[PDB]
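A.B. asks: First, the structure itself, so that you have it in front of you.
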Amino acid sequence: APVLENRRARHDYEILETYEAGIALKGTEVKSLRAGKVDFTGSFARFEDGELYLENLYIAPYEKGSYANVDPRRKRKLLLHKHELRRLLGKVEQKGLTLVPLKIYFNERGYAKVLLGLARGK
RNA sequence: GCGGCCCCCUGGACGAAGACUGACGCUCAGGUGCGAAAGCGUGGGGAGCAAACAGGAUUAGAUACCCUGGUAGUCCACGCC
RNA sequence: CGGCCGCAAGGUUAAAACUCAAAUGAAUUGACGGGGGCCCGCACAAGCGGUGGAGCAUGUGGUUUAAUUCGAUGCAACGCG
RNA sequence: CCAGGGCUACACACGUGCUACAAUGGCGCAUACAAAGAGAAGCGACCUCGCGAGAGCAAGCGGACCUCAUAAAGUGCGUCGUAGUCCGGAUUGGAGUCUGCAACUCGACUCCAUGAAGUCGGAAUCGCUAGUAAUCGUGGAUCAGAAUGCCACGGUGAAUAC
RNA sequence: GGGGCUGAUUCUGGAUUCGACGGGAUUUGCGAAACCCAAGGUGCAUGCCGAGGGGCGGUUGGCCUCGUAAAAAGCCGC
RNA sequence: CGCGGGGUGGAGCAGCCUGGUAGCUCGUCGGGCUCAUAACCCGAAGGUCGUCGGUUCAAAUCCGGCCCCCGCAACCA
RNA sequence: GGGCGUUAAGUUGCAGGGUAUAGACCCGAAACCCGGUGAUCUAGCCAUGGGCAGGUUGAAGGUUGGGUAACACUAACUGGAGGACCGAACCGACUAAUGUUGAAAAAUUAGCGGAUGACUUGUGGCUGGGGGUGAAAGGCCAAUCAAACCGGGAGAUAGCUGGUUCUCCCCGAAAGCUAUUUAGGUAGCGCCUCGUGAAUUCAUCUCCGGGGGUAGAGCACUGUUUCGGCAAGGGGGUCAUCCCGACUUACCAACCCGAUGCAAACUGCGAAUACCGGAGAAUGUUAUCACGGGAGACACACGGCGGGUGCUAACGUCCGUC
RNA sequence: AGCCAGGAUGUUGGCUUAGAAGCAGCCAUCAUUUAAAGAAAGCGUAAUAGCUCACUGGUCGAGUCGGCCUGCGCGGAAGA
RNA sequence: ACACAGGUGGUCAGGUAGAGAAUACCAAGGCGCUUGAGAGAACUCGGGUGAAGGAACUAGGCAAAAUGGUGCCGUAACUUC
RNA sequence: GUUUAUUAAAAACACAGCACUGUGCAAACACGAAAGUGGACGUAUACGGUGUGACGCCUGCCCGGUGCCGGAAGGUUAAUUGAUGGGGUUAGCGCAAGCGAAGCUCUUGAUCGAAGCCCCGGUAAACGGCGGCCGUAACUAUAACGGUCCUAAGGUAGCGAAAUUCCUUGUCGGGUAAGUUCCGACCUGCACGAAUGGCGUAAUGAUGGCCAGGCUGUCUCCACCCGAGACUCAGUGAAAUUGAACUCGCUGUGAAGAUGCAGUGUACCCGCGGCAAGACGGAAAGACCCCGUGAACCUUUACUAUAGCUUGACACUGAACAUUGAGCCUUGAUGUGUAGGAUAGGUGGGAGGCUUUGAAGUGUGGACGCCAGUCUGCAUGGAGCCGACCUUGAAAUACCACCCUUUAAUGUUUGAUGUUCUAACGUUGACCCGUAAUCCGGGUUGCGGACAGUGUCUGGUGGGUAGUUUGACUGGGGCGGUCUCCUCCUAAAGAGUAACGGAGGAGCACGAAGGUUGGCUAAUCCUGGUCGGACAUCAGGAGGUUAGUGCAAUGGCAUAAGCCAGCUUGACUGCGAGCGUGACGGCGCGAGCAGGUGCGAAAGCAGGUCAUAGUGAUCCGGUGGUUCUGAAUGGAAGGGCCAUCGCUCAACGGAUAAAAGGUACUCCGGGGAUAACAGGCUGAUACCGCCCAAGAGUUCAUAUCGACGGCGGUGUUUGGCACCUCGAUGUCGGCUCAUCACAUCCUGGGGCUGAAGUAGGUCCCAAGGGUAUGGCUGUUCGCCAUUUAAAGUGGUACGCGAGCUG
RNA sequence: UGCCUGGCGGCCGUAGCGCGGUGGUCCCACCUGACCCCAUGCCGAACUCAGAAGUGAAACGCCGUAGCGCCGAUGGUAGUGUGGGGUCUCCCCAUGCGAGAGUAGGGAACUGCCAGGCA
C-alpha cells in the first residue's frame with residue numbers, strides 16, 4: 001500500500017498550510033517504507049540548525065522477509081527550497097505552530113516524499 | 001389479569017328483611033392449585049406487527065437508533081415452563 | 001457444590017474462600033443542558049440610512065525586509081495605547 | 001552618544017472610515033440664518049503683491065472689544081439634459097508655494113495639464129425610536145508642520161412601531 | 001534440484017527527488033588571507049641581531065620591553 | 001471481414017438526432033452562512049471534444065477517412 | 001544461345017528376376033461390426049405353494065384394588081407387541097488349520113452371524129448384450145463380463161515375435177548420412193551383386209603446382225594472473241596544526257612502462273600428416289566411371305591414436321580416424 | 001667413534017620480575033678469564049639445583065663425513 | 001467329467017436323559033464307506049497329558065486354554081428410561 | 001439389514017428421518033421410430049429426481065466463476081425473402097472501335113427474421129470458494145482492531161497431532177521397569193469445519209486401536225502318549241518336466257553369478273530313507289517399466305457428429321371484422337445563424353400574380369408551439385396586398401416548380417395487435433350401434449379449435465450416445481528443455497563431422513541505409529582552452545583503424561565494404577558459358593549475350609544492401625494480363641500460360657479444414673533394444689588407513705588430539721553406467737539354520753601412556769571360543785528398561801519363501 | 001656516360017620510425033593573388049584558377065647514425081608420419097620431417113622505362 005495519510009493527527013492538531021518535502025532516506029528505510037508498519041505516533045519535524053529534520057518517525061527496519069537495516073527512529077532531514085523553507089520556520093513560533101507529518105509516499109518520478117503542515121487546535 | 005353484540009355454563013361480591021346452624025374461627029412450615037410476557041412441545045392458523053435475517057441510509061466507525069423488506073413469534077387447541 | 005423440578009431454555013434450594021471500609025436511604029449550595037415553564041432588554045421586528053462591490057484615507061493578519069520597534073486579538077483587538 | 005535607515009515595505013486578506021457612481025445633481029452668479037471653541041515662542045486685521053498656495057508691511061486684541069471668520073446646506077436667477085456626461089475625482093506629468101537644520105526615502109498645500117474604477121452594489125451586515133437618524137457646514141486638542149481620525153458645536157430635518 | 005518475483009511508481013529515458021545540509025564551478029563588491037606595491041604620514045630610521053617577563057601553566061615566537069646588561073603586555077584553564 | 005456502438009478536464013460522465021454553452025460533479029483555492037465549527041452555498045485553474053481532410057457565417061456535434069478500443073457473428077495459405 | 005529431341009529397332013511369344021492389385025511367405029492378437037442363441041447359474045420383479053425345535057423378554061391395551069373433595073397417582077393381575085433377546089432345522093460366511101497334480105475348478109474340520117423377517121424355500125412367469133438387473137461391488141446375466149455366448153464380415157489388422165525344408169561353385173556387405181507423428185519402420189544416397197559400355201579410367205610412389213592455421217610455440221593484436229617501481233600527486237598514523245618538516249606507514253584515485261607464465265568462442269609464428277592438382281614408370285584378373293536388373297543395411301562392439309562429456313571414473317557416453 | 005679429562009667470567013645477568021639464578025616469560029645476544037665453556041643444550045628442583053651436553057685437552061692411530069647421478073630391492077600392503 | 005467328503009423341495013418322527021427336532025446312548029431299519037498285510041524312524045496331519053513360569057510368543061493372545069446349566073441373592077458408569 | 005458367487009463383510013450400500021427440486025394428471029419421468037405400457041386404476045398428505053443419513057444441539061461468511069430460475073432497452077445472429085450493382089448471351093446500330101433493347105442466365109446480397117450468446121436480477125441442504133501481503137494493544141509474543149490486494153468473500157460454532165499432522169516418536173500429562181501404539185491435554189490445523197453436513201450421543205457391531213483379570217505349550221523349551229500317513233510286503237498304477245549327458249568342490253575365466261572353460265583339489269561301482277543350498281529349479285511368451293503412429297472401457301469447457309430438448313419459416317391451415325407500426329403516393333402545414341421593414345431551407349422560372357369564381361383589416365371557434373408568433377373554416381367585412389427596395393455571404397407570403405428538414409392528415413403497400421364466430425384438427429368427457437368387447441371403427445353430443453400436434457427446412461442446446469485425436473527427441477519414462485534458420489568453438493592446418501557439449505543471434509530493417517560520380521577518414525591518450533566532468537564541442541600533438549560496419553559471431557574492408565554530397569532507379573526484363581553445394585525437392589555464385597536504363601568528360605560501374613540469418617513445399621482458391629483450350633457450332637463458364645496474393649502448416653519436408661485426458665477394472669504384440677530387485681563394471685561419494693605438522697595438551701606437536709593441505713586401501717554406503725535376466729532371478733523385516741572375513745566387542749599375549757594402585761586411553765599381535773532378554777514400532781535401525789566377561793563390524797542374491805511367516 | 005631531380009612502375013620493412021647533417025640554377029615544395037572556372041557539410045585549409053616578390057622554415061629528397069622496427073643462422077629444444085616398446089592420463093627407442101622463441105649476425109633498401117637540369 002504505497003500511499004498513506006496520518007490518522008493520528010486529524011483529531012489532535014489542525015493544518016493551516018501544507019508543504020511537500022523530499023526526505024533524506026538511506027535505502028533500507030525506503031524498503032521499509034515500500035512496506036507499511038511505520039508510524040507517526042509522536043513524530044513531527046524540527047529545525048536543529050537552519051535545516052529541518054523530521055524526527056521520531058519510526059520506520060520498522062523491514063518485515064515480511066526483513067534483514068539488516070538502521071536506527072528505526074533516526075533524525076531524517078527534509079528538503080525544501082531556501083525560500084519555501086525560511087517561511088514555515090518564522091510561522092512556527094507565531095504563538096504556537098508545529099511541523100507534523102501529514103502523509104507519505106513516492107511521487108511520479110519514484111521518490112518518497114513527505115507532506116507536512118502547521119498545527120494547532122488541541 | 002379481564003373491554004364489540006348475542007345465548008349457554010359458571011365463581012365471587014353487595015344490599016333488605018327475617019328465619020336456621022351454634023364458635024363450626026383466625027393464621028398456616030410442609031402440601032396443593034393458579035400464575036403476565038417471553039420460551040418449549042404436538043399440531044392448526046397466519047392479515048397486521050415483528051426478535052432473527054436481507055438490503056438501504058447515518059457515522060470517524062454504526063454488527064444501533066431511521067428507512068424498505070421479513071422468519072420465529074404474536075392467534076387457536078392441547079401439554080409444559 | 002449437592003438436591004429436587006423441567007423436553008429444553010432453565011427454575012428452585014443455596015454457600016465458602018477471597019476482597020473492600022465502606023455499600024445504602026432521605027435530605028445540600030451552586031453552575032451548567034443541543035431540559036421544561038414564566039418573564040425582561042433596540043436581543044430579534046416596522047422603518048430611514050449604510051458596510052459587504054469601487055477609488056482612496058487608516059488599522060491589522062500576512063508577506064517582505066538588514067529593521068520593517070513593543071503592545072492590543074471573538075463580542076469587549078483591527079482610525080486600539 | 002551620533003549618522004543614515006526602518007516603523008510609510010506590498011501577490012495578497014480583513015476591520016473602521018472617507019469620496020462617488022449624480023438632476024432631491026453638478027457649475028457660474030448673486031443673496032439669506034448659526035452654535036461652540038481657541039489665541040503671545042499666539043491669533044494676526046487692513047494695505048499692497050502673486051492666478052493661487054502664499055509673501056512684504058502692519059493695527060488691534062491675554063481679549064461679550066481684537067484676530068482666527070467671508071458658516072454650508074438653503075433661496076434667486078442662469079446653463080447642463082441622463083452621456084461614463086460640464087457626474088466622478090483616483091492616478092501620473094510639469095511648475096510652484098509655507099513649515100522646519102533637513103521635505104529622496106515620507107509633509108501639507110497651490111496652479112496648469114491627465115480624467116482609473118465606479119451607472120447605487122452577493123451571502124450578508126451595522127446604525128438609529130426625535131430634534132433622533134439622515135444630511136450640511138464650524139470649531140478644539142495633540143502639533144514647527146503633518147486630520148477622511150478623535151473630541152466638541154449648531155443649521156436643515158424625516159420614516160416607523162401589530 | 002528446477003520455475004517465477006524482488007534492488008526505488010512513469011514500459012528504451014534524457015537528471016524535476018524544485019528542495020536542505022554538504023561538495024564542485026563561475027562572477028562581485030566588503031573584510032588582508034581577497035591582494036599587491038609604497039606612495040600617502042613621520043625622523044634617526046631600519047633589519048637582522050641578542051636577552052628577559054603577571055598565585056601557575058600553555059600559545060601568538062608572540063602582545064610588551066630593555067640595549068651592552070634587566071622591568072611591566074592579549075586569549076584559554078585551575 | 002462486417003454490421004454496429006463507443007473516445008471530450010486529474011479520473012467520472014452530459015452535451016451526439018437541434019448545430020450555436022464547452023459544461024455536471026469528486027477532488028484542491030478563495031469567498032460566503034454561525035456567536036464559532038460542522039453541514040449546506042457559490043466562483044473559478046483545467047480538456048486538438050482522439051486524429052487529419054472537409055462543406056458553414058461557425059463546428060465536439062452533422063459529412064470524410066482513417067489510427068483505437070468491444071460486442072458479436074464469421075476468416076487463419 | 002539454352003532445354004528437350006533428331007545421329008542406338010521394334011514387337012509377340014516362352015522361361016526367369018522385380019513391382020503393382022489381390023490373404024500375396026506361413027502361423028498368432030486384444031479388438032470392431034452383422035445376425036441369431038441364452039435369465040435350467042446368477043441379479044431384480046410377478047403369480048402360486050411351502051418352512052421357522054426349544055427357551056426369553058413382557059410394549060399398547062384391559063380389570064380390580066388402593067389413594068384423592070375429585071384428577072393425579074400408584075399396585076397387583078391381565079394382555080401379548082418387537083426388522084426384541086438366547087438357540088437347532090433353515091439362510092448366511094467372520095477367524096484359523098488342512099487342502100493347493102484337492103475328497104472338491106472354492107471345499108472339510110473346529111469355532112462364527114441371522115434365525116417372525118427388508119426372513120427363507122419349491123414350481124412357473126418377465127426383463128437380452130451398449131442391453132438387462134444391481135440395498136452399488138463395475139456385482140451378476142450358465143465354472144466369464146469395464147460389454148455374454150454362437151455363427152458370419154474373416155485369411156480383420158499385426159511397421160511386432162517366431163519359423164522358413166536338397167547340393168556344389170564365384171563375389172560379398174551395412175550397422176553411415178539425409179528425411180521421416182521418425183527413432184528397433186521406411187525412403188533416396190553411400191557400401192554388395194549381376195550385366196552392357198567407356199577412356200590408362202583408379203590406387204601406390206617419385207618429381208612438380210597448391211592452399212592451410214592443427215601440434216608445438218609465442219604474448220605483438222588481444223586477455224587473464226603474479227611481482228617491482230616512477231618524480232609527482234595522493235591517502236592514513238605518528239610529534240598535533242600544520243612541522244606546511246621529518247619518519248614509518250600499508251593505501252589505494254585520475255592516463256604510467258617493464259619482466260615471467262598460459263590461451264576452446266585467439267596469433268605480430270607455425271609444423272608433421274592429410275588433402276587437391278600435373279607429369280611419369282612399375283604393379284594391380286578394371287581395381288575406375290556411367291548406365292541398367294536383384295539386394296541387404298540405416299541396434300554396432302572392442303582395441304590404438306586425436307578429442308567433447310564424466311572424475312583423462314566405467315566392459316560409460318558422443319564424434320574423427322585406423 | 002670410543003674412552004680419561006675440562007665445561008667458565010660480568011653473570012644469582014638488567015628486567016611489565018609475588019619467587020627466575022640460562023629455560024613458555026624479559027630484551028637484546030653483547031660483554032670479562034682460559035686449552036676451550038653457550039646471558040644458553042636437558043631430564044628437569046621450593047631456589048640455591050645434582051647431573052649430561054654444544055665447545056676444549058689428553059688417549060688412541062688411519063681413515064672418516066654426507067650431498068649429487070644412476071641400477072635392483074625394502075616398509076607403506078586389511079575381506080569375506 | 002468319476003461308484004466324487006460337494007448341491008438337491010416335500011413328507012414320516014419310537015425308548016431313556018433332556019427345555020428341545022440340541023446332544024448322548026438305543027429301537028425299527030440301514031450300514032463298516034471296493035486295495036489289504038505288517039511295522040511302530042524322522043517329518044506332517046489330527047488329538048490326549050505336562051514340572052516351574054504364565055503372553056515373556058507375535059505385526060496381533062493367531063491358535064489354544066478358558067467360561068458354559070436351573071433357581072434364589074446381588075449387580076456400577078451411563079441412559080433415548 | 002445389504003455387498004465384491006470364487007483373496008475385501010467393512011468405516012462401503014441401504015435405512016427410517018431431513019432438505020432441495022420437478023410434476024395440475026393424456027402429470028413429471030421411464031420402455032417404446034410408433035401404437036402402446038409403466039408412473040397409477042394413483043391425483044400435490046400424490047408421484048419422480050437429487051443430496052444427507054436415527055436422535056440431540058445445530059448448520060456461519062461469499063452469487064464473482066459454473067449451473068439453474070427469472071427479466072429484458074440495447075449488440076450480434078439461421079432458414080426465408082431477393083433490393084441494388086456487376087457479368088454472359090444478341091435483335092439492332094455502327095463501314096470499323098465498341099455499344100446494346102427485350103428475353104433467358106451467372107453472380108451480388110440490401111430489407112425481413114425467433115431463440116441463443118453478450119447483458120440485468122435472483123439463487124449455495126445448486127456445483128463451488130472461505131486467501132494473501134502489510135499496520136496496530138504496558139516487555140516480549142499474539143492481534144479483539146484497521147488498511148489492502150478487486151480474485152465473490154476470507155472460517156461462526158464446534159472440533160483439532162485427527163480414519164485428516166508433512167517436519168513427527170511434535171510437547172505436556174497418564175498408564176509401563178521401559179509405551180513410534182493408547183488415553184487426556186495443548187494449538188504450530190504443512191492440508192478439520194457445518195446436509196460433498198459439524199460436534200455430540202444411550203444402544204447395536206464375526207468393525208479399527210489400547211488396557212486388565214482368568215486362562216493357558218503362544219512362549220522360556222520342549223517331553224511323553226493315542227490315532228491317519230510317511231517306511232516294508234503284496235495288487236493296481238499316475239503327474240508336471242525333459243536338446244543330449246559318462247550330471248563333484250574350489251579359485252579364476254567368460255554374454256559379466258560355471259557340473260561342463262583353465263588351473264587345481266578331491267572321488268572305488270550302485271541303491272534306500274531323509275533335508276531343501278544350486279541346477280538363475282517347474283508352472284504362466286512379466287501384471288511393474290518402456291515401446292507399437294496397438295486395443296478397449298471411463299472422463300471432460302478435447303475434435304467432430306448425433307438421438308433428445310428447444311427457436312423460427314413453410315405445409316396440413318377456417319369465416320367475419322377492429323385498432324395500430326412502418327414504407328410509398330398526392331396532398332397541405334415546416335424552417336425563431338448576426339446587421340434588418342421579420343419564428344429568411346436550398347437551389348431555379350421569376351417584376352406581377354392574386355382579389356368581385358367577391359380583398360384586406362377588424363371578431364371567435366379547432367390548432368401547433370422554445371405561449372415568440374402562425375395558419376385556418378366560420379364570419380363582420382367590403383375592395384386590396386406586393387419587388388430590387390438602402391442593409392443580408394445569399395431577397396421575397398409576388399407566386400410557381402422538382403425537393404430535404406419536421407410535421408399532419410385521407411389513401412396505397414407491408415407488417416404486427418385485439419374481438420366475434422367454426423368447418424379442418426384434438427379429445428385418454430358423455431352416450432349409440434357393430435358387440436354380451438376396457439381394443440378399434442362409425443355415429444350423436446359436449447369441450448377445445450385453426451391453437452395444439454406432425455412433416456420439411458432452419459439457429460441454439462446436446463459426453464445422453466458415437467467415432468477418434470491427445471507428437472518426437474530423451475543417458476528408462478515422466479517433469480524441465482528442445483524442434484526451422486544464422487555465427488563461433490569442439491573439428492584432429494581441404495570439405496564434412498556427434499552429444500540434454502561451451503557461447504551468442506534470426507523470423508527484420510532501408511526507395512536510401514539501393515545505383516553511380518566526386519570527395520572525406522576513425523578510436524585511445526597527452527597539452528591547452530567556456531560551462532564540461534574519466535568521455536559532450538573546439539586547438540594542437542601522439543596514435544594509426546584498436547574506430548566504424550542498421551543487428552549475433554566469424555571472416556572482410558583504406559582502392560575503403562567506414563563517412564558526405566549531386567544526379568538518379570541496375571532493388572532492371574529476357575537469357576546465361578561455367579562452376580559451388582546438396583539423397584532429392586532445392587540453394588548459391590557467375591562472366592557474358594539482347595533490349596532498355598542511371599551515374600561518369602572518359603576507362604567504366606550498376607541485375608539491390610561488406611558477406612553469411614531475416615523462412616514455408618504441394619494442394620486449394622483469389623486478383624491482373626494473354627482468344628492457348630472452349631464437349632454440335634458462335635460466344636461463355638471452367639481449364640492452361642505469365643505476374644501476384646492467402647499458413648508461428650514454429651513439432652518449421654509442412655500426417656486432418658478440424659481434436660484433450662483417465663485406467664489400480666484393465667487388455668494384446670513386443671523388449672533385458674529400456675526402468676525397479678539382485679549381479680557385473682566403476683569407486684566420485686562413503687568407510688578404513690597413512691603423509692605433512694601449525695595448533696590443542698599447565699611446560700611439551702605426535703600420551704590423547706590436530707588446522708590447512710597431500711597419498712592411498714576396501715567394495716561397504718549415496719551414486720554413475722545399462723553388460724546378464726522382462727517366453728518371470730518373488731521385494732523389506734521377523735523366524736529357523738547358518739558360513740566366511742578381521743578393520744576384535746569379551747577372554748589371551750604385548751609397546752607407549754599425560755600408566756602409583758584400582759580403573760582407563762591408544763597402538764600392535766591374536767579369529768580358539770563366546771558374544772542378552774525386554775517396552776514401542778512392520779521395521780532393519782533407534783530410543784528407553786534391565787542384564788552380561790562382552791552384548792563386535794561386516795561378507796554370503798543388502799545368506800536363508802521348491803524351508804516358515806505375510 | 002656522371003651528378004641531380006620529377007613522373008610510372010617492379011619490389012613490398014635488410015625498403016619503416018627516430019635522431020644529425022644537408023639542397024633550391026633547374027625540378028619539387030611551401031609561397032602571391034582570387035572578381036572570376038571550380039570549392040568549403042564553416043573556412044581559398046583542402047579543391048581550383050591567375051601567377052612568381054620570398055623561402056628552403058615546414059614537407060620533400062639525399063647523406064650519415066644501430067635508439068626502436070625489421071630480416072635472421074648454426075646447434076639444441078618442442079611437435080610429429082611410419083615401425084616398435086614402457087612404469088601407457090604420459091613417455092622411450094629406430095627412421096623421415098623438423099619448429100616457435102632466443103643466440104651469433106645482417107641491416108640506414110635494391111631496380112626498369114620516360115623526362116628535365118648541371119658538368
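We name chains A, B, ... following the order of the C-alpha cells; residues begin at 1 in each chain, and ligands are numbered from 1 as shown.
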Give me the residues of chain A that have any atom at most 10 Å from an atom of chain E; for each, the nearest atom pair and the distance in Å, rounded to one decimal. Use only C-alpha atoms (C1' of nucleotides), sort by chain and number, and format it as CSV.
C.D. replies:
```
residue,atom,partner,partner_atom,distance
A:2,CA,E:9,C1',8.8
A:20,CA,E:19,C1',9.6
A:21,CA,E:19,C1',7.2
A:22,CA,E:17,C1',6.3
A:23,CA,E:17,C1',8.6
A:24,CA,E:20,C1',9.4
A:27,CA,E:8,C1',8.0
A:30,CA,E:8,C1',7.1
A:31,CA,E:8,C1',7.9
A:34,CA,E:8,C1',8.4
A:49,CA,E:21,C1',9.6
A:50,CA,E:20,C1',8.8
A:51,CA,E:20,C1',6.0
A:52,CA,E:20,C1',7.6
A:53,CA,E:20,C1',9.4
A:77,CA,E:20,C1',7.7
A:78,CA,E:20,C1',6.6
A:79,CA,E:19,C1',4.5
A:80,CA,E:19,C1',3.5
A:81,CA,E:19,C1',4.2
A:82,CA,E:20,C1',7.5
A:83,CA,E:19,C1',9.6
A:84,CA,E:19,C1',8.4
A:85,CA,E:20,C1',8.5
A:105,CA,E:9,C1',9.8
A:106,CA,E:9,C1',7.0
A:107,CA,E:9,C1',7.1
A:108,CA,E:9,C1',6.4
A:109,CA,E:10,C1',6.8
A:110,CA,E:9,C1',5.2
A:111,CA,E:17,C1',5.2
A:112,CA,E:17,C1',7.8
A:113,CA,E:17,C1',7.9
```
A.B. asks: At a cut-off of 7 Å, using only C-alpha atoms (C1' of nucleotides), what residues contact stretch 133-135 of chain G? Leave out same-chain residues fewer than 3 positions from it and give the result as JSON, numbers by chain.
C.D. replies: {"G": [43, 44, 139], "J": [2, 13, 14]}
A.B. asks: Can you pull out the residues contacting stretch 104-111 of chain D? Cut-off 9 Å, using only C-alpha atoms (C1' of nucleotides), and skip same-chain residues under 2 positions away; I want them as a list in words.
C.D. replies: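 Neighbouring residues, sequence-local ones excluded: residues 5, 8, 51, 52, 53, 54, 95, 96, 97, 98, 99, 145 and 146 of chain D.
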A.B. asks: For a quick test of understanding: name the residues of chain A lying within 12 Å of chain C when counting only C-alpha atoms (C1' of nucleotides), and present them as JSON, numbers by chain.
C.D. replies: {"A": [83, 86, 87, 90, 91, 94]}
A.B. asks: Skip residue G:151 itself and residues of its chain fewer than 5 positions away, then list as number ranges by chain all residues within 10 Å of it, counting only C-alpha atoms (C1' of nucleotides).
C.D. replies: G: 35-37
A.B. asks: Once you count only C-alpha atoms (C1' of nucleotides), which residues of chain A turn out to be within 9 Å of chain J? Could you give them as number ranges by chain?
C.D. replies: A: 1, 35-39, 63-64
A.B. asks: What parts of stretch 2-122 of chain A does DSSP call strand (DSSP E or B)? I'd like the answer as a VMD selection string.
C.D. replies: chain A and resid 4 to 5 18 to 23 39 44 to 47 52 to 55 58 76 to 78 99 to 106 112 to 117
A.B. asks: Would you list, as a PyMOL selection string, the residues of stretch 2-107 of chain A that end up in alpha helix (DSSP H) under DSSP run on this structure's backbone?
C.D. replies: chain A and resi 28-35+82-90
A.B. asks: Which polymer residues have any atom within 9 Å of an atom of stretch 65-69 of chain B, counting only C-alpha atoms (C1' of nucleotides), with same-chain residues fewer than 5 positions away left out, as a list in words?
C.D. replies: residues 54, 55, 56, 57 and 58 of chain B
A.B. asks: If we count only C-alpha atoms (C1' of nucleotides) and set the cut-off at 12 Å, which residues sit around residue H:12, ignoring sequence neighbours fewer than 4 positions away in its own chain? Please answer as a ChimeraX atom specification.
C.D. replies: /H:20-22,39,47-48
A.B. asks: With a distance cut-off of 6 Å and only C-alpha atoms (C1' of nucleotides), select the neighbouring residues of stretch 77-85 of chain K, excluding the residue or stretch itself and same-chain residues fewer than 3 positions from it, and output the selection as a list in words.
C.D. replies: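 Everything that qualifies: residues 215, 216, 272 and 273 of chain G.
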A.B. asks: Could you check how far atom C1' of residue G:172 sits from atom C1' of residue G:192, in Å to one decimal?
C.D. replies: 5.5 Å
A.B. asks: Please, which residues in chain A fall within 12 Å of chain B when counting only C-alpha atoms (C1' of nucleotides), and what is the closest atom pair and distance in Å to one decimal for each, ordered by chain then residue number, as CSV?
C.D. replies:
```
residue,atom,partner,partner_atom,distance
A:7,CA,B:60,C1',10.2
A:10,CA,B:60,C1',10.2
A:11,CA,B:60,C1',9.6
```
A.B. asks: Report as a tab-separated table: every residue of chain F with an atom at most 12 Å from chain A, its closest pair of atoms, and their distance in Å to one decimal, counting only C-alpha atoms (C1' of nucleotides), with rows sorted by chain and ascending residue number.
C.D. replies:
```
residue	atom	partner	partner_atom	distance
F:28	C1'	A:18	CA	11.5
F:29	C1'	A:17	CA	11.9
F:37	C1'	A:121	CA	11.8
```
A.B. asks: Find the distance between atom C1' of residue J:611 and atom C1' of residue J:512 and write it in Å to one decimal.
C.D. replies: 19.8 Å
